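Colleague: The structure follows.
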Amino acid sequence: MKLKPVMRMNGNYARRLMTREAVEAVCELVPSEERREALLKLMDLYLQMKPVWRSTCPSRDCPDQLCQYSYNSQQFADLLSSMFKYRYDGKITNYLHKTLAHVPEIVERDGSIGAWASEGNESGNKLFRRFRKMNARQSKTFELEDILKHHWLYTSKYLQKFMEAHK
Amino acid sequence: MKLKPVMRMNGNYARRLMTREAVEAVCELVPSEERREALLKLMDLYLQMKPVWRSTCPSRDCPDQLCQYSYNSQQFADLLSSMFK
Amino acid sequence: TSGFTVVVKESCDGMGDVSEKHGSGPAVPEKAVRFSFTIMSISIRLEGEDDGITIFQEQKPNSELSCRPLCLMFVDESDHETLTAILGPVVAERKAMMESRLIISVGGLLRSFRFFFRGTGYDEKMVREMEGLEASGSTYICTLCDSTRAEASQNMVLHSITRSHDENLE
Amino acid sequence: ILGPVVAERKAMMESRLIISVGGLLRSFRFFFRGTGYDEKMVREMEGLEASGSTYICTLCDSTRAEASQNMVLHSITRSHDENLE
DNA sequence: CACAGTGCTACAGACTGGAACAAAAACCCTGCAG
DNA sequence: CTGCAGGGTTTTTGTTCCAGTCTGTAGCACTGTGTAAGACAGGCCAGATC
DNA sequence: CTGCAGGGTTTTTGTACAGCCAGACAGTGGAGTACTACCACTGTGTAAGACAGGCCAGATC
DNA sequence: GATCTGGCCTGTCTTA
DNA sequence: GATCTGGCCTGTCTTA
Ligand SMILES: [Zn+2]
Ligand SMILES: [Zn+2]
C-alpha cells in the first residue's frame, strides 16, 4: 500500500487506508480465518456506504447505495456488536454513531451532503499560509488587511473566467 | 524594544538584542546602579568588537576597531572575570 | 426578476502554529481563525407555481478556488470570550439579514434576492463549543440527537434527529 | 554519501583545470576553504568530541578551566594533518 | 466519491505537396417565358 | 422591359496520402490543508471527622 | 613551382540629379504619468552530549 | 479505627 | 558493616 505512519491522520492517508486492497495487506497479518473474513466483509460494507455521504449529490451519482444505506448500516452495526463487542460494549466514537444513525435522514433533508463538507473551507487554509508570506505586507498592523484583500481577489470568478482562456 | 519572547535565539532577534538601546531598556530593570554601568559598558565594548568579524573586510570598512580588538577584548575579559566572575 | 433565492454555505475553522510577529502591538496568541463563506446556489421561484428553480450551482464547492474569506483573526479557539466578542457583530448581521430581501442592480435591472444561510462547514468541536455543548468526548455524543454514550452502544442504527438551535436556547 | 565528494576535492587540489573560455583555453588553480559550518558539525567531521566537551576550542587545545583563567591569550594549533596524527 | 497541481513523459494532435476533385459562391449569360 | 431557369464562368473551400515537425495534453505515482483539549471511570491515599 | 605586376572579371560604395513623405524639434499647461525613497519588519539558522555530584543498590569480606 | 470526599494520577477514550 | 563502582536521576552547561 506504500503508506507511512502519521501523528495526526490526514484524510489522504484515510483514502488510501479505507480501500479494500488496503485491508488486504492487513488481512494477511491476522492469523484467525473467520476474523480475516469478518473485518474484510466490514470494510466492503464501509466502501458501500461511504460514497453516500462523500459524494456531492448521491440522488443521481449513486442511487442504489443510498436506497440500501439503512439496511447496509444495520448489517454493519450487527457485525460490530457481534464479533467486535469487546471494543464497543460501552463506547462508540462520535462519528461511527453519527454515520450509522443520522446520515439517511440528513441526505433526505438537505438533498445531499459532502457538498456541504468542511473541505471547501479548510483547504483554503493552505492559501492563508502562503498569502501570509508571499503577499503579506509585512507588519502586524497591515498584514491581515492585505492577506484578506488578496484572498478575496483570489476567490473572485471574474478573474478565473479570464484564466480559463476559453479553451 | 518591540521584541516578542522567543523559542530559540534567531540571529535577527540577536541583532536587535545587542544594541545600546536594548541594554538601556533592560538597564531600568536592575536596581543596582553600579551594575547598570557594568553591563552597559560591557555591551558598548561588544558593539565595538562586533563589526571586526561581522563585516566583510574589516581592513577597509572598520580599521580602527580592528587595530583595537586585542586591547578591547582585554577590557572585556577583565570586566567579566572581575565583576561577573 | 424579484423572486430569487440565494443559498450560502458559511464555514469557520481554526488553525494552529502560526508564529507571532515581533511588531509593535498588541500582544496576540499564535493561533489564527479564518471565517469564510461560499455561494452554493442561486435559484428562482416566481411567478408562483413551480417549486424553486436552480440557475447557478457551484460545480466544485470543495475547491479552494471558491471560498470567500470574511473575518480573519488571531484568536485561540479555546477562549470563548474573545471569539464571541469579534464574531458577535457578524452573527448579528446574519440573523438581522435573514428577514430582509436584497436589492441589486444587475443586468441593467433592479432585482431582489432572498438569502438562505447554512453553516455546514464547522468541525464537531466548534459546533459543540458555539452551541454550548460539552465537548468533545462527553457522555452525550450526538450533536443532532439526545442519545448518551451507553444508550448509543446497545442501539445504533435507529435514531431521530432532535437537536436544533431554538431548542438548545430554551 | 559525502565520501566521493571529499575524494573529488582532495584529488582536485593538485591538478589545474583547463577551460576553453573567451575563445581561449586557460588553466585555473583551485583553493578550497570550507568555512561555513556550524561547530557541532565541524566537531563531527574532524572527530572532535562535542559539543559541551571540556576542550572547547576547535582551533585551540585549552580546557574549560584554562580558558577561564586566561581568556584573551591563545594560539591556534588545531588543523587537519596534526588531527590525523 | 476534495481538488489544483506535480515535471517529464507519452504521441495524440497541429503542419506540406501535388494531383484533382467536386461543391459552392456569386457573375455572366442564354434560354424560354408575361 | 421583366421574371427565373439552368447553363456558362472564375474563384472559394476543401478534399485523399505519404514523410515527417511542432505543440498541447494526458499518462505517470503522487502531494496539501485539516493538529488540542476534556470527560469518565476506578483506584486509593490523604485527611478530616468523631 | 614561387614571387609581383599590367589588366581582366564581377561586384562593391557612393556620389551624382530631383521630388516627398515622416517624424523630430519647440510650445504649452498640465495632465496623469512612471519610478522613487521610505517604513518597519521579516526568514533561514532547531538536538545531542559531557560532566559533577549525589547516593542508593548490592556485591565482596 | 474508617467512612467520606476529593484529589491526583492514571487510564483509555474522543475531538482537534 | 562499608568500601567501591556504577547507577540513575538530577542537573546544569553548550550547540543545535
Ligand atoms: Zn444522534
Ligand atoms: Zn581556542
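Each chain of the C-alpha cells is named A, B, ... in the order shown, its residues numbered from 1; ligands are numbered from 1 in display order.
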Determine which residues of segment 24-77 of chain D receive a DSSP assignment of strand (DSSP E), computed from the backbone, and state them as a compact mmCIF listing (two decimals) with N, CA and C atoms, in the first residue's frame.
Modeller:
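New file selection-v9.txt:
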```txt
# COMPACT_ATOMS: atom_id res chain seq x y z
N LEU D 24 39.69 31.07 -25.75
CA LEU D 24 41.00 30.51 -25.42
C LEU D 24 40.98 29.61 -24.20
N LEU D 25 41.57 28.43 -24.34
CA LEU D 25 41.76 27.55 -23.21
C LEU D 25 42.74 28.14 -22.18
N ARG D 26 42.41 28.01 -20.90
CA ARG D 26 43.13 28.67 -19.82
C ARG D 26 43.16 27.73 -18.63
N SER D 27 44.18 27.88 -17.79
CA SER D 27 44.40 26.98 -16.65
C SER D 27 44.17 27.66 -15.28
N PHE D 28 43.28 27.07 -14.49
CA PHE D 28 42.91 27.58 -13.19
C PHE D 28 43.41 26.67 -12.08
```
Colleague: Tell me, as number ranges by chain, which residues lie within 6 Å of segment 143-146 of chain C, counting only C-alpha atoms (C1' of nucleotides); anything in the same chain fewer than 6 positions away does not count.
Modeller: C: 161-163
Colleague: From a backbone DSSP assignment, name each residue in chain C labelled helix (DSSP H, G or I), as number ranges by chain.
Modeller: C: 80-97, 124-130, 151-154, 165-169
Colleague: Restrict the selected residues to C-alpha atoms and save them as a short mmCIF file (atom, residue, chain, number, x, y, z; two decimals), in the first residue's frame.
Modeller:
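Written file, out_18.cif:
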```
data_model
loop_
_atom_site.label_atom_id
_atom_site.label_comp_id
_atom_site.auth_asym_id
_atom_site.auth_seq_id
_atom_site.Cartn_x
_atom_site.Cartn_y
_atom_site.Cartn_z
CA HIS C 80 -14.69 31.86 24.09
CA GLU C 81 -14.75 35.44 25.38
CA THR C 82 -12.76 36.95 22.56
CA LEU C 83 -14.09 34.62 19.85
CA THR C 84 -17.66 35.76 20.59
CA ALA C 85 -16.53 39.33 21.06
CA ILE C 86 -15.21 39.51 17.44
CA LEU C 87 -17.72 37.14 15.78
CA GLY C 88 -20.64 38.78 17.57
CA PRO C 89 -21.32 41.57 15.04
CA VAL C 90 -21.04 39.11 12.10
CA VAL C 91 -23.71 36.78 13.52
CA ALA C 92 -25.86 39.86 14.29
CA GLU C 93 -25.88 40.96 10.63
CA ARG C 94 -26.72 37.38 9.64
CA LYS C 95 -29.79 36.92 11.85
CA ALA C 96 -30.81 40.52 11.06
CA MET C 97 -30.37 39.77 7.33
CA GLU C 124 -17.59 18.97 15.50
CA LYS C 125 -15.62 20.55 18.33
CA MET C 126 -16.57 24.09 17.13
CA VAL C 127 -20.25 23.22 16.57
CA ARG C 128 -20.24 21.92 20.11
CA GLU C 129 -18.47 24.94 21.58
CA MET C 130 -20.74 27.55 19.87
CA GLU C 151 -27.55 4.16 25.09
CA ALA C 152 -26.00 4.57 21.63
CA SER C 153 -23.98 1.47 22.43
CA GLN C 154 -26.81 -1.08 22.59
CA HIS C 165 -30.90 25.98 17.68
CA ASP C 166 -34.14 27.29 19.35
CA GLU C 167 -34.41 24.07 21.35
CA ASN C 168 -30.86 24.46 22.63
CA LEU C 169 -31.65 28.05 23.63
#
```
Colleague: Compute the chain H side of the contact with chain C at 12 Å, counting only C-alpha atoms (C1' of nucleotides), and hand it back as a ChimeraX atom specification.
Modeller: /H:12-16
Colleague: Could you take the residues named above and write them with N, CA and C atoms (P, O5', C5', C4', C3', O3' and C1' of nucleotides), as a CSV table (one decimal), in the first residue's frame?
Modeller:
```csv
chain,number,residue,atom,x,y,z
H,12,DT,P,-4.4,2.0,29.6
H,12,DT,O5',-6.0,2.0,29.2
H,12,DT,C5',-6.6,1.7,27.9
H,12,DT,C4',-7.8,2.6,27.6
H,12,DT,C3',-7.8,3.3,26.2
H,12,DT,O3',-8.6,2.5,25.2
H,12,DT,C1',-8.3,4.9,27.9
H,13,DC,P,-8.8,3.0,23.7
H,13,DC,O5',-10.2,3.7,23.6
H,13,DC,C5',-11.1,3.7,24.8
H,13,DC,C4',-11.8,5.0,24.9
H,13,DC,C3',-11.9,5.7,23.6
H,13,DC,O3',-13.2,5.9,23.3
H,13,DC,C1',-11.2,7.2,25.4
H,14,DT,P,-13.6,6.1,21.8
H,14,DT,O5',-14.7,7.4,21.9
H,14,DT,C5',-14.4,8.4,22.8
H,14,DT,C4',-14.5,9.8,22.1
H,14,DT,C3',-13.9,9.7,20.7
H,14,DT,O3',-14.6,10.7,19.8
H,14,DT,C1',-12.5,11.1,22.0
H,15,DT,P,-14.2,10.9,18.3
H,15,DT,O5',-13.8,12.4,18.2
H,15,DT,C5',-14.7,13.6,18.3
H,15,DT,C4',-14.1,15.0,18.4
H,15,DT,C3',-13.1,15.4,17.3
H,15,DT,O3',-13.8,16.5,16.3
H,15,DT,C1',-12.0,15.6,19.5
H,16,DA,P,-13.2,16.8,14.9
H,16,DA,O5',-12.0,17.9,15.1
H,16,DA,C5',-12.2,19.0,16.1
H,16,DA,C4',-10.8,19.7,16.4
H,16,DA,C3',-9.9,19.9,15.2
H,16,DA,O3',-10.1,21.3,14.8
H,16,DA,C1',-8.7,18.8,17.0
```
Colleague: List as a PyMOL selection string the protein and nucleic acid residues lying within 9 Å of ligand 2, with only C-alpha atoms (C1' of nucleotides) and all ligand atoms counted.
Modeller: chain D and resi 55-63+67+74-78
Colleague: Find the spatial neighbours of residue 3 of chain H, counting only C-alpha atoms (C1' of nucleotides), within a cut-off of 12 Å - ignore same-chain residues fewer than 3 positions away - and output them as number ranges by chain.
Modeller: F: 47-50
Colleague: As an exercise, work out the distance from atom CA of residue 50 of chain D to atom CA of residue 35 of chain D in Å and give it to one decimal place.
Modeller: 18.4 Å
Colleague: What residues in chain F have any atom no more than 7 Å from chain A when counting only C-alpha atoms (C1' of nucleotides), and can you write them as a PyMOL selection string?
Modeller: chain F and resi 33-35
Colleague: Got time to write the residues from that selection, N, CA, C and O atoms (P, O5', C5', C4', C3', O3' and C1' of nucleotides), as a short mmCIF file (atom, residue, chain, number, x, y, z; two decimals), in the first residue's frame?
Modeller:
```cif
data_model
loop_
_atom_site.label_atom_id
_atom_site.label_comp_id
_atom_site.auth_asym_id
_atom_site.auth_seq_id
_atom_site.Cartn_x
_atom_site.Cartn_y
_atom_site.Cartn_z
P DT F 33 0.38 22.19 3.75
"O5'" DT F 33 -1.17 22.22 4.21
"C5'" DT F 33 -1.78 23.46 4.74
"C4'" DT F 33 -3.30 23.34 4.82
"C3'" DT F 33 -3.88 22.62 6.05
"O3'" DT F 33 -4.13 23.50 7.16
"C1'" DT F 33 -4.92 21.90 4.02
P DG F 34 -3.60 23.12 8.63
"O5'" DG F 34 -3.84 21.55 8.80
"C5'" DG F 34 -4.64 21.11 9.98
"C4'" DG F 34 -6.08 21.04 9.59
"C3'" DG F 34 -7.04 20.42 10.60
"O3'" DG F 34 -7.88 21.55 11.21
"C1'" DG F 34 -7.38 19.54 8.36
P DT F 35 -8.22 21.59 12.78
"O5'" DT F 35 -6.88 22.00 13.54
"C5'" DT F 35 -5.67 21.41 13.19
"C4'" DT F 35 -5.10 20.70 14.36
"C3'" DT F 35 -4.29 21.59 15.24
"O3'" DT F 35 -4.96 21.72 16.42
"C1'" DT F 35 -3.15 19.50 14.82
#
```
Colleague: Just the residues within 12 Å of residue 8 of chain I, please, counting only C-alpha atoms (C1' of nucleotides), with nothing from its chain fewer than 5 positions along; format it as a ChimeraX atom specification.
Modeller: /G:54-57
Colleague: What gap, in Å, lies between atom CA of residue 34 of chain C and atom CA of residue 12 of chain C?
Modeller: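 Atom CA of residue 12 of chain C lies 6.0 Å from atom CA of residue 34 of chain C.
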Colleague: Output the neighbourhood of ligand 1 as an MDAnalysis selection string, that is, all protein and nucleic acid residues with some atom at most 12 Å from the ligand, counting only C-alpha atoms (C1' of nucleotides) and all ligand atoms.
Modeller: (chainID A and resid 92:103 105:106) or (chainID C and resid 139:149 151:153 155:163)
Colleague: Selected residues, C-alpha atoms, written as a compact mmCIF listing (two decimals), in the first residue's frame, please.
Modeller:
```
# COMPACT_ATOMS: atom_id res chain seq x y z
CA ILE A 92 -18.52 4.31 20.44
CA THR A 93 -16.60 7.04 18.60
CA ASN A 94 -18.84 10.06 17.92
CA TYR A 95 -18.57 9.71 14.16
CA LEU A 96 -19.26 5.98 13.93
CA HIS A 97 -22.56 6.66 15.67
CA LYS A 98 -23.28 9.79 13.60
CA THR A 99 -22.53 7.97 10.31
CA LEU A 100 -24.53 4.88 11.35
CA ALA A 101 -27.53 6.86 12.57
CA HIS A 102 -28.40 10.21 11.09
CA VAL A 103 -27.00 10.02 7.56
CA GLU A 105 -32.18 11.43 7.42
CA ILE A 106 -29.94 14.40 6.55
CA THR C 139 -21.50 11.14 27.59
CA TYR C 140 -23.81 12.92 25.10
CA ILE C 141 -22.28 12.21 21.70
CA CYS C 142 -24.72 13.30 19.09
CA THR C 143 -24.89 16.95 18.24
CA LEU C 144 -28.07 16.02 16.34
CA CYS C 145 -29.59 13.59 18.91
CA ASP C 146 -30.17 13.22 22.61
CA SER C 147 -28.55 9.79 22.89
CA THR C 148 -26.00 9.15 25.64
CA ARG C 149 -22.83 7.09 25.15
CA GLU C 151 -27.55 4.16 25.09
CA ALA C 152 -26.00 4.57 21.63
CA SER C 153 -23.98 1.47 22.43
CA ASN C 155 -28.86 0.59 19.85
CA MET C 156 -27.17 2.14 16.88
CA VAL C 157 -28.90 2.25 13.50
CA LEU C 158 -32.18 3.71 14.80
CA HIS C 159 -32.12 7.35 15.80
CA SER C 160 -34.09 10.55 15.40
CA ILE C 161 -32.55 14.00 15.00
CA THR C 162 -33.76 16.43 17.62
CA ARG C 163 -31.12 18.99 18.50
```
Colleague: For atom CA of residue 146 of chain A and atom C1' of residue 41 of chain G, quote the distance in Å rounded to one decimal.
Modeller: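 Here the two named atoms are 15.1 Å from each other.
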Colleague: Within 12 Å of residue 29 of chain D, counting only C-alpha atoms (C1' of nucleotides), which residues qualify if same-chain residues fewer than 2 places away don't, as a tab-separated table (two decimals) with C-alpha atoms, in the first residue's frame?
Modeller:
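Dumped everything to around.tsv:
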```tsv
chain	number	residue	atom	x	y	z
D	12	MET	CA	41.41	18.05	-7.28
D	13	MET	CA	43.77	20.26	-5.30
D	14	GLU	CA	46.98	19.20	-7.12
D	15	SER	CA	45.54	19.37	-10.62
D	16	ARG	CA	44.92	22.52	-12.60
D	17	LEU	CA	41.78	22.82	-14.67
D	18	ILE	CA	41.82	23.65	-18.41
D	19	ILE	CA	38.75	25.51	-19.68
D	26	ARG	CA	43.13	28.67	-19.82
D	27	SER	CA	44.40	26.98	-16.65
D	31	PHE	CA	41.95	26.77	-3.37
D	32	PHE	CA	39.20	25.30	-1.21
```
Colleague: Which residues of chain A come within 8 Å of chain E, and for each one, what is the closest pair of atoms and their distance in Å to one decimal, counting only C-alpha atoms (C1' of nucleotides), sorted by chain and residue number, as a Markdown table?
Modeller:
```
| residue | atom | partner | partner_atom | distance |
| --- | --- | --- | --- | --- |
| A:50 | CA | E:1 | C1' | 7.7 |
| A:51 | CA | E:1 | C1' | 5.0 |
| A:54 | CA | E:1 | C1' | 5.3 |
| A:55 | CA | E:1 | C1' | 4.5 |
| A:56 | CA | E:1 | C1' | 7.8 |
| A:119 | CA | E:2 | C1' | 6.6 |
| A:120 | CA | E:2 | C1' | 7.9 |
```
Colleague: Got time to write the residues from that selection, C-alpha atoms, as a PDB file, in the first residue's frame?
Modeller:
```
ATOM      1  CA  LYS A  50     -19.060   5.756   2.036  1.00  0.00           C
ATOM      2  CA  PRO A  51     -19.952   7.297  -1.306  1.00  0.00           C
ATOM      3  CA  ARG A  54     -18.798  11.530   0.385  1.00  0.00           C
ATOM      4  CA  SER A  55     -20.220  12.194  -2.992  1.00  0.00           C
ATOM      5  CA  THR A  56     -21.680  15.612  -3.732  1.00  0.00           C
ATOM      6  CA  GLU A 119     -13.335  20.721   2.839  1.00  0.00           C
ATOM      7  CA  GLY A 120     -14.143  23.946   0.944  1.00  0.00           C
TER       8      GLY A 120
END
```
Colleague: When you get a sec, could you note down which chain C residues fall within 9 Å of chain E, using only C-alpha atoms (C1' of nucleotides), as a list in words?
Modeller: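 The selection requested is residues 60, 61, 62, 63, 64 and 65 of chain C.
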Colleague: If you keep N, CA, C and O atoms, can you produce a file of those selected residues as a short mmCIF file (atom, residue, chain, number, x, y, z; two decimals), in the first residue's frame?
Modeller:
```cif
data_model
loop_
_atom_site.label_atom_id
_atom_site.label_comp_id
_atom_site.auth_asym_id
_atom_site.auth_seq_id
_atom_site.Cartn_x
_atom_site.Cartn_y
_atom_site.Cartn_z
N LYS C 60 -17.86 22.79 -8.14
CA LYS C 60 -16.83 22.17 -7.32
C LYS C 60 -16.65 22.95 -6.02
O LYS C 60 -15.67 23.69 -5.87
N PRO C 61 -17.60 22.81 -5.07
CA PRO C 61 -17.64 23.62 -3.85
C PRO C 61 -16.42 23.43 -2.95
O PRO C 61 -16.01 24.36 -2.25
N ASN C 62 -15.89 22.22 -2.97
CA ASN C 62 -14.73 21.85 -2.18
C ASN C 62 -13.44 22.59 -2.59
O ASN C 62 -12.49 22.70 -1.80
N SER C 63 -13.38 23.06 -3.84
CA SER C 63 -12.21 23.75 -4.36
C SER C 63 -11.88 24.94 -3.48
O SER C 63 -12.78 25.62 -3.00
N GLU C 64 -10.61 25.22 -3.30
CA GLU C 64 -10.23 26.41 -2.55
C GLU C 64 -10.37 27.64 -3.43
O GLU C 64 -10.24 28.77 -2.96
N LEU C 65 -10.65 27.39 -4.71
CA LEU C 65 -10.89 28.46 -5.68
C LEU C 65 -12.10 29.28 -5.30
O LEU C 65 -12.07 30.51 -5.38
#
```
Colleague: Ranking F:38, F:20, F:3, F:8 by minimum distance to chain C and counting only C-alpha atoms (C1' of nucleotides), which one comes first?
Modeller: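 With only C-alpha atoms (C1' of nucleotides) as the atom set, the closest residue is F:38.
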Colleague: Select residues of chain G: the criterion is any atom within 12 Å of an atom of chain B, counting only C-alpha atoms (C1' of nucleotides); output as an MDAnalysis selection string.
Modeller: chainID G and resid 40:47
